[PDB]
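Trainee: Sequence first, structure after; it's an experimental one.
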Number of protein chains: 2
Amino acid sequence: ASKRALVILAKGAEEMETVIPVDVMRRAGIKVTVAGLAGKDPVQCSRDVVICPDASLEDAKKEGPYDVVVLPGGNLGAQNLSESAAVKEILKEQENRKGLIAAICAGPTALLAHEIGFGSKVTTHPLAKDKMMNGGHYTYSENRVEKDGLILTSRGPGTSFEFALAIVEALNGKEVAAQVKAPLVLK
Amino acid sequence: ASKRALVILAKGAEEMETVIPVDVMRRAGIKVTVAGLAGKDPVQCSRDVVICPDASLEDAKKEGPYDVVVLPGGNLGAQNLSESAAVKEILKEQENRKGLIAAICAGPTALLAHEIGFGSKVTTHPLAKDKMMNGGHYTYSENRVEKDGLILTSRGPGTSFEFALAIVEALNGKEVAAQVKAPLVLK
Ligand SMILES: *[C@@]1(=O)C(=O)N([C])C2=[C][C]=[C][C]=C21
Ligand SMILES: *[C@@]1(=O)C(=O)N([C])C2=[C][C]=[C][C]=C21
């Protein structure tokens, strides 16, 4: 059975951090649902790229659970994710079932907001470190991609391929990740 | 005056190769128009990400000329660009005025289709080399980003940041490109 990914798309999400994981995961044969936080309508990302979600989050939640829940970054995107009771419920459910949770850039700050994965080693964008570390509930890492417990984190647009390929490896194995990687012309 | 970029978005475009340059160029303060080849409606990219263009190509052409015309890749996207008389006209005009033309992955094959920049050194995705080189009208390069005459080319999703930053450097200078690069957390 194909693995399934939920990518939660809020206004102000970093569009590179949204599209790179969606694309790379689809290349791996993962069934990806791009779910609009606010509903079914198109989402204005941080740099004004407008993306049409596959579904509302409300509708996508009904089709859960998912093998991974992915939280893109962007400060304002992450803030919207952090303020959402629906996001809280999804992440709590995912944590309770020991499923993978993946977040990049400022995205991991939504884990703090929703009290998810406390005690884990995490990374973030450098500019989001202080927010993430308020209260010392996580252990900070400068690795480009970090994985600890349920929790897979990464730093920025320039770590998005690595982040996406780490998701692929977690879900579909190292050989699939390598096969998906080769045609991308990565460094 | 801000520099201006036209990014031509066709069905089957590689969404990473579309979004990374749009985003990075906007970070550099370039005014970017994402122009829909087919009209104003949303565009289904190669991996099913749906992007809403800023304008139709028909409308964006009226607001030309641009400091750069950017052609994303994706085989079917590039084919659509190659078949378009509107694209032909835009690229011919840009070449005639000695403006920058930038293409990635299979995107450079549209330059061949429209007889643009013959004699230039170019790169492409490895799988698009034979198509690009039919007739020996260009000189092939394996560099991740290649620039020769008017013509800036690059290889794939994994060279998209380098490609975008090379555009930024060409338009806004090396220091702006460096400033935009640093917060991205690139390797
Ligand atoms: C991330 O996308 C993000 O969330 N943050 C705070 C950031 C800063 C600079 C560049 C990228 C990003
Ligand atoms: C490019 O986006 C493209 O145009 N081509 C042919 C390709 C092949 C593999 C991976 C990326 C790409």
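Mentor: Arrived safely. Residues are numbered from 1 along each chain as shown, chains lettered A, B, ... in the order given. Ligands and ions are numbered 1, 2, ... in the order given.

Trainee: from here on, contacts and neighbour counts on C-alpha atoms
Mentor: OK.

Trainee: measure the residue nearest to residue A:46 when sequence neighbours are not counted to residue A:50 for me?
Mentor: Distances taken as CA to CA, 6 or more residues apart in numbering or on different chains put residue A:12 closest to residue A:46, at 4.1 Å, once the chain neighbours are dropped. Distance, residue A:12 to residue A:50, using CA to CA, to the nearest Å: 10 Å.

Trainee: same deal with residue A:35?
Mentor: Separation of residue A:35 from residue A:50 (CA to CA): 14 Å.

Trainee: how many other residues sit next to residue A:58?
Mentor: 15 (other CA atoms under 10 Å in any protein chain shown).

Trainee: Any chance you could list what contacts the helix or strand where it lies?
Mentor: Using DSSP states H and E, residue A:58 maps to helix A:57-62. Here helix A:57-62 makes contact (CA atoms under 8 Å, 6 or more residues apart in numbering or on different chains) with A:6, A:8, A:33, A:35-39, A:86, A:90.

Trainee: For chain A, just list every one of the helices.
Mentor: A:15-27, A:57-62, A:75-82, A:85-96, A:108-113, A:129-132, A:160-172, A:174-181 (DSSP state H).

Trainee: who in chain A is up against ligand 1?
Mentor: A:14, A:73-75, A:105-106, A:125, A:127-128, A:156-157 (CA under 6 Å from any ligand atom).

Trainee: Now for those, which sits with the most neighbours around it?
Mentor: Counting by other CA under 10 Å, top hit in those: residue A:73 with 35 neighbours.

Trainee: what's the spacing between the closest residue to it other than its chain neighbours and residue B:153?
Mentor: Nearest residue to residue A:73 in three dimensions, chain neighbours excluded: residue A:107, at 4.2 Å (CA to CA, 6+ apart). As for residue A:107, its distance to residue B:153 is 33 Å (criterion: CA to CA).

Trainee: Mind listing the shared neighbours of residue A:12 and residue A:50?
Mentor: residue A:44.

Trainee: What's the local residue count around residue A:96?
Mentor: So residue A:96, with other CA under 10 Å, has 11 neighbours.

Trainee: And it, how close does it get to chain B?
Mentor: Applying CA to the nearest CA, to the nearest Å, the value for residue A:96 to chain B is 30 Å.

Trainee: What about the closest residue to residue A:49 other than its chain neighbours, how many residues nearby?
Mentor: Take residue A:49 and drop its neighbours on the chain: the residue closest to it by CA to CA, 6+ apart is residue A:15, 6.7 Å away. For residue A:15, the neighbour count with other CA under 10 Å is 29.

Trainee: contacting residues for residue A:15?
Mentor: Contacts of residue A:15 by CA under 8 Å, 6+ apart are A:45-47, A:49, B:19, B:23.

Trainee: try 7 Å
Mentor: A:45-46, A:49, B:19 (CA atoms under 7 Å, 6 or more residues apart in numbering or on different chains).

Trainee: List just the nearest of the residues of chain A next to ligand 1 to ligand 2.
Mentor: residue A:157 (18.2 Å; CA to the nearest ligand atom).

Trainee: wait, isn't that closest one in contact with residue B:184?
Mentor: Yes: the criterion here is CA atoms under 7 Å, and residue A:157 meets it with residue B:184 at 5.4 Å.

Trainee: sorry, back to before: nearest to residue B:139 among the residues of chain A next to ligand 1?
Mentor: Distance to residue B:139, by CA to CA, is smallest for residue A:157 among the residues of chain A next to ligand 1, at 32.3 Å.
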